[PDB]
Every structure is written in structure tokens, then in C-alpha cells.
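Below is a structure I'd like to ask you about.
So that you can tell them apart, the chains are marked A, B, C, D, E and F in the order they are listed, and the count of residues begins at 1 in each.
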Amino acid sequence: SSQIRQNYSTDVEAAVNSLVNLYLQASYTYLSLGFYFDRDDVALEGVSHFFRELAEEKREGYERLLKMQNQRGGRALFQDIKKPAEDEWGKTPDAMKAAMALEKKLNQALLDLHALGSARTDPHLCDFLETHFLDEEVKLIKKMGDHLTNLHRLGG
Amino acid sequence: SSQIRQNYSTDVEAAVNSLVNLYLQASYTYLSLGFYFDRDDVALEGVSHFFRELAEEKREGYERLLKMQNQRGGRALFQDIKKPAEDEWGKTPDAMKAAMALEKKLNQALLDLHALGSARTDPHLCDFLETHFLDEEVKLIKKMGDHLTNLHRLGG
Amino acid sequence: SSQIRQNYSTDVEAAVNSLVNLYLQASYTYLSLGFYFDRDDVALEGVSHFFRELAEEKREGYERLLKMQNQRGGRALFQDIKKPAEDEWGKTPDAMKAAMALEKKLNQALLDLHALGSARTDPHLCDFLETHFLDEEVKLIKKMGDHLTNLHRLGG
Amino acid sequence: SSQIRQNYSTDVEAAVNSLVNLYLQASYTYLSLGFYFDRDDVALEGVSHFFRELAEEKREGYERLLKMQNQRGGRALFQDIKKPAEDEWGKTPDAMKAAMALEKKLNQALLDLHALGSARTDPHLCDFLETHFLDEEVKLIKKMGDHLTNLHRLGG
Amino acid sequence: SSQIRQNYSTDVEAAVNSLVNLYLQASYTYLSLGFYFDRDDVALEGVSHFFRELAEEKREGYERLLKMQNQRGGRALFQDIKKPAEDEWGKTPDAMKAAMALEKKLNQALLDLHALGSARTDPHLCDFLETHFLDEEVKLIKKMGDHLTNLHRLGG
Amino acid sequence: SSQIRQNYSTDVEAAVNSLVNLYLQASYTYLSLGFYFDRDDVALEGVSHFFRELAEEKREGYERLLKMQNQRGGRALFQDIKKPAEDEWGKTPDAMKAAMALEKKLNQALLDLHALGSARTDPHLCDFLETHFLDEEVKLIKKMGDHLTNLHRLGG
């Protein structure tokens, strides 16, 4: 066991590795969404930019998780990253709907990880998630909801 | 149910609405305290200012609660705001005692809301309350306690 | 009677207290309108901002009335603040129509208060209302009228 | 009971006093480590500085605990501070090993105090520890681990 | 076929997609190398930083390829990203050797892609690779070679 | 014996260690006085600050003694630090009286240490005490005397 490890569940270490994979997958999805909207037959630079910036934010997420893993004396273990669910993402609203479903999945994974830490009485992990993840997710999901509402109003 | 709503108890949504009413009521009490001290036959501008600034801080509180309500996909529901408990607030120490009793009530309402979220396993709500409310209340109550101690020393 | 009181009708003092309640109620209505438009299923930040800024302006109104009440040696008396007339405010035009009806009510209350002061030969009160209220109301109502006209043009 | 005290367990108050003693003891240990490395027959200014700065950080810790104790209406109670465990601390790696054992002790005391507050449903205390202590400890322990690894590489 | 597509081989489009996968895989390898060196029992921040910066440079690579794909009217197609070849990367020289083998693989893939474009008489593709890739690879490989030489001298 | 040691009595070395303990004890007393005055039922921030600043000055004292000990080739030896004489310090004048008694004790210890060095013909030690301690003590004691005189005038 690492010389620094203290109050860090092997279950949490593993769940952190799984969550890093989920974030790697999410960044990948946003990379695909971003370049789809840069297509000449789609051509929405603002939408492309929105998704490309999200790819970066998800990368920031998995980098923070990996840093924390090392801070706690856990050990990063990487798996294959699944390709995104679609090759073509439809119209802006279809894409935005896909994005909020992805964020809801990530948020559930965060909530599950928090519940796991709570069960293992790990307040460092709790504080980490609250500080860097939970509210970021709530804010983002609210933003996507607002977008979907406004996109729906277009044509009316 | 809102398209964004996730892990947000209807009980918490309702308790948030009730707490917004309690803050609306508290801001109202401080408005009354502030103008009482601006009376020509009371005439304590520093005390008036103290209470007027608290009215603003309680407004900031209920605005933050309402913002959070919307962020979570809950729905603001407003009720009548009860008038303050007194029309005339006595001497500075009587007023300050009324103020710390009000803050203790608010703090208990916060603690109760936190316990409710804990019971509903809502770490976003926990983080929100800890970040924006709990310590603010502790600091304020400490400040009021110190004031009461110093007011009591006057005449001695 | 206050040591400073001079040419200040008890009828005016009471009407000022009633008008403070009407402004408290109006600020409350604008708070509700503002957060309604911040809903994820409404999502119009510019409209939300418009109404939130009006809530602030109505607060400025009742604070000015209360200051004047004390300046004249009158005595603030607070009553319960009625909740807003709706929990949900419809589309932007429905909301704006509600807002101009509210402003017309306030303006009538101002005009009535002015007539009361005129009857009681209170030129200080007249000057106060003219300086801080009457033209503000006319300008605002004109702005709302212009908005309603432009909103009606949308879809055409 | 203090006029400000609310939701503050006598058990927590006592545990806070005990933790202040543990921090006083830890600052003392770092004072001794710092001056040991300033000896002419040891003469490692960078190591001396490292430990002297830790003495300061532990002082900051117990000052923050004492401030919080007063903020909550608890009452500071001081006991004798035990002298450090060694008069002479060996080579840099021996010293660093002593330091990480000390930090692990402090971290366990923090975790125990957090568990106690959780049991007493004290979210203010939770937030205080998370904000000012837990992550500071994790970061420091990680830093010490890294040092031990690098010191071990010297001679190779 | 895209409205913009001109002189762009379907073979090149496919080879570009394959090369994007190879770069995604290479960035992933560098992410793993970077966090390995941030381990408390490895603890070489300069090496960690070196590899983390390479992860970024490989991301820049695949982003440039994807941009070019769209510029030419080709269509991004994403596949699963294979996990890195090792979970633990040994000592600095083992890691650096792994890195230069990776860069040699990438460089061969670039050279192969260039040969393919040459065969398809695609001078835009040639210029793109020469401008953004070939010399970058040569410089990097030279840097890694120099590192390996210097690492080998350590202990001597 | 240290390679640097010259004209440094073992008696002086020991007396320096004892004086470091006396300063550690004095800083501890001032820490307790400082937090006592920060109590909500005492609440004198200026008095609290006065004593907290003295805690710092006594720390500066024992750090200077320890530095000098090492400069001379003596060896720091630490003992348990006795807790302060009171848990509660009364009114400001009681506290200030306690403080001047403490300073008089420290000053006597300094004077005794100076006499010891004089007996051992140690002019370096003499200069050290004169430069960093003696006049500081005289100035501080004068300041405390002035305070006691002024506190006594309050109520009159």
C-alpha cells in the first residue's frame, strides 16, 4: 500500500478509475460533436465551439480525478475508450439533447461516487467532488436546458 | 418534471420555498428595524445602517435560494409575507436581542434544511448551504453576541 | 406628536404607509416575474433581468417613501405583504401586460396621494412626488407600451 | 451556555480543545526539527526552512481552531504541551519519516473529529474542516511522500 | 460527395481517420506516462510535465487532422481508442524509450500517409503534413534521443 | 564539543534552554489571553489583538534565542511547556496585571542570564541580550504600566 494512503477505500480508487474512463468517453463524444458542426454541410461555428469547449472541460475533469487519485495514493488504471454513440448528430436540438443526456449520466456517476465515499466515510472525497464537480454539473445542465427551450422556440 | 431535474426531492423543493418566505420575512423585519432607528426620536444612524445592511444581506439570501431552486429544476412558489413582530423596537439592546433571536431562527431553519437534504442524500444542496449560508450565519451570530456584550458594558 | 412635525397630515402619513405596502407588493411581484423567466422551461435572461431590475427600482421607491416619512416626523407602520397574483406568468407579452397594469395601479396610487397632499396643502409632499415618482412612472409606462407594441410585431 | 451557542456539541468542543493541543504539540515538534537542521554539524538550511515553515502552518491551524471555538460559543481550555519525541532527528530521511508520521497522526485526528461532528449532525464543523484542513493535509502528505521517494534515490 | 470536395481521395480520407485514432492513442499513452511519474513512489515532476505536455501536443495533432478533414470535405469517423500498452512504465529511461518508439511509429504513419498522398497526387495534403507534422516529429525524436543519451550518462 | 564553540559556558547553554522554555510558556499565556478576549461574552477585539501580538513577540524571542544557541555551538533541548496559570483572565485590568507580572518575570530571567554571562565573561551574550531583549522589555513594561494607569482612570 502507498506510504501516503490513509482512509482511501479500494472501492473508491476503482470507482475513480471507472469515472476517469467515463470522462475520457465524454470528452471523446464532445470532440465528435464539435467536428460534426464544423462540417461544410452543417456549418454552425458557435455550436461547434460550444461542444469543443465542453471536450476541454471534460478533459479538465479527468485530469483533476487523476491528480486526486495520486494525491490519495491510489493508482490510475486505464481501459479502452469507447467511441461515441453516433457518427452523425442531427440538428442542433438533437445534439443538445444528446449532450444533456450525457451530462445527466456523468452527474449520476458523480452522485454514485459521492454515495460510495459517504458509505466509506471519506470526507476528503466528498469535499473534492463538491468543490470541483457537483455544482459545475448542475450549472451546465441548467445551461443545456435553457438552450433546448430556446432552440424549440426557433420557428414560431 | 423539469427536463433538468435530477436527485432533487419534492420535499427539499418545498422546504426551499418555505425558507425563501422566512428570508423575505427576515429582510422585512430588518427594514422595519432600520427605519425605526432613523426616527427623529431614536436617531442612531449607525444602528439604522447596521439593520438596513442586514435587510440587504437577507435579500441576497432569498435571491440565492431562488436561483438555486431554478438551477435544480424546482419551482418557486410565493406566499404572503408576515409583517414584523413589533412596530417599535425599544433600545439598541432590545433590538439587537430581537435580531439575534431572528438569526437563531434562520440558522435553525438552515440546519433543518441541511438535515432534510442529508436524509434525501442531496450533496449539491449540502454544498450550497455550506458555501453560502452556514458560516455566514455563525459569523453574524458571533458579531451580534459581541455587540450585546459591549452594549451591556455601556453604563459602567 | 414628533418634535419635528410641521404641516404633515395624519391622513398623508397613513396614505404613505399604505403606498409603502403597495410598493412592497409591487417589488414582490417583480421578484416573482424575474425568477419565472429564469426557469429552464422559459429561459429568457433579458426578460428575467428586466423584471429583476424593476424589483430593485420598486424597493428604491419604498425606501424613499420611508425615508421621507421619517423626515416629516411620521411613523412607519408595516402590514403583511400579499403574494403576487400569479404563480406562472405566461409568455413575455402576458407578463409585460401584467407589468403595465401594475405600473398603472402604482401611478394611480401616486396621483391619489398627490391629490390628498394638494387637499391638505402640503407642498413638500408635492415636490417629493414630482421629483422622485411621477415622471419615473410616466417614463416606465411609456417603455412598457413600446415593448408591448414591439412584442406584438414579432411573428409577422 | 453561551448566548450564541447553537448545534454545538460539548463533545465537539472538547475534541476541538484536544486537537488544539495536538497542533500545539506538532508546531513544537517542527520547531525542534527546524533548529536541529540549523546546527553547525547538520547544516541543511533548506531542510531547516521546510520544517520552520511547517511549524508556522501548524500554528495557523491551532489559531484557526481557537477562532472557530469562539465563533461557536465553545471555550478554549489549554493543557501542558508535551515536548517533542526526539532531541536529535537523524538524517533528512529519518526526519521526513518522522514528519509524515506526525501528519498522518494529525490527519487521523481530523478524520476522527469529522466523524464526531457527523455523528452530532454538525455541518458547520464539517465545512470548517473540509475548507481549512482535510485537503491541506492530503496535499502535505503527498509532498512528504514525494520527498521520501526522492531522498531514497540520492545515492544511486 | 461534399460540395467542396476536390482532389481528395477516399483512401486519403480513410487514412486520415486512421491517423486521428493513432494520435488519440498516443495522447492517451502520454496521459498515462504523465500520471505515472506523478505517483508518490515515482515522484519526478519534470518527467511528469514532459509527458503531460506531449499529451497536449498529440491532441493538437489530431485536432489539426480533423480540421483538415473537414476543410477537404472528408468525414470524421471515430473508433475505440486502445488503452496504453503498460500500466506501469519503469524508470525514466524505460519511459523515454517507450516514448521514442511511439514517436517513430507516428512518424512512420505520417510518412506512409505522405506516400499515399503523393501516389494520389494531392499536393495540399503534402503541404499540410510538411507544415504541421514532419519536422515537428524529427525535432521531437532528436530531443528524445538526446535525453536517452544523457539519462544513460547518469551514474558514471 | 562543537567545532565552532568558543567562550560559550555549558551553564549559559543550559540557561538559554531554560529561557527558551520560559518564552514558550509566555507565548502560550498570551495565546490564552488573546482568545479569552475574543469570547462572545468578553468581546474586546483591541485587547485580544494586543495579547495576540505579544504572543508573536514572545515567539520571536524564543526563535532568536534558539538561533543564537546554534550560532554559539550550543544545543537546543526542549521540555514540556506548562499550561497558562488561568483558564479565565477576568477584566482588562486583571489581564494587564497578569501580563506585567509575566513581563517582570521574563525581565528578571533576562537579567539573571546577563549576570551569568558576565560571571562567565561572555561579551557576545551580553551584546545579544542588550541588542534584542533588555530595552524591548523595559519599553513593554512601561507601556503596560501606562495602560494600567489609564484603565484605572476609566470610571471617574
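As a convention for this text, a residue touches a chain if its C-beta (ideal position, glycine included) is under 8 Å from a C-beta of that chain, and two chains touch if they have at least 3 such contacts.
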Listed pair (D-F, A-B or D-E) duplicating the B-C contact set, over half by residue number: D-F
Chain pair with the higher count of C-beta pairs in contact (D-F, A-C): D-F
Where chain A and chain E are represented by their mean Cα positions, the distance between them in whole Å: 25
Rounded Å distance, chain B centre to chain F centre (Cα mean): 46
Cα-centroid distance, chain B relative to chain D, in whole angstrom: 35
Distance between chain centroids, defined by C-alpha means - chain C, chain E (Å): 65
Junction residues of chain A - those touching two or more other chains: 2-4, 70, 73, 126, 130, 142, 145
Every chain pair meeting the contact rule: A-B, A-C, A-D, A-E, B-C, B-D, B-F, D-E, D-F
Parts of chain A lying in touch with chain B, wherever the complex brings them together: 100, 104, 107-108, 111, 114-115, 118, 126, 129-131, 134-135, 138-139, 141-142, 144-145, 148
Residues of chain A that touch chain E when the two form their complex: 2-4, 24, 28, 31-32, 35-36, 38-41, 66-67, 69-70, 73, 75-84, 87
Contact footprint of chain A on chain B as seen in their complex: 2-4, 6-7, 70-73, 121, 123-124, 126-128, 130
Chain E partner contacts - residues on chain D that touch it in the complex: 142, 145-147, 149-150, 156
Partner chain D, residues of chain E touching it in the complex: 40-43, 45, 155
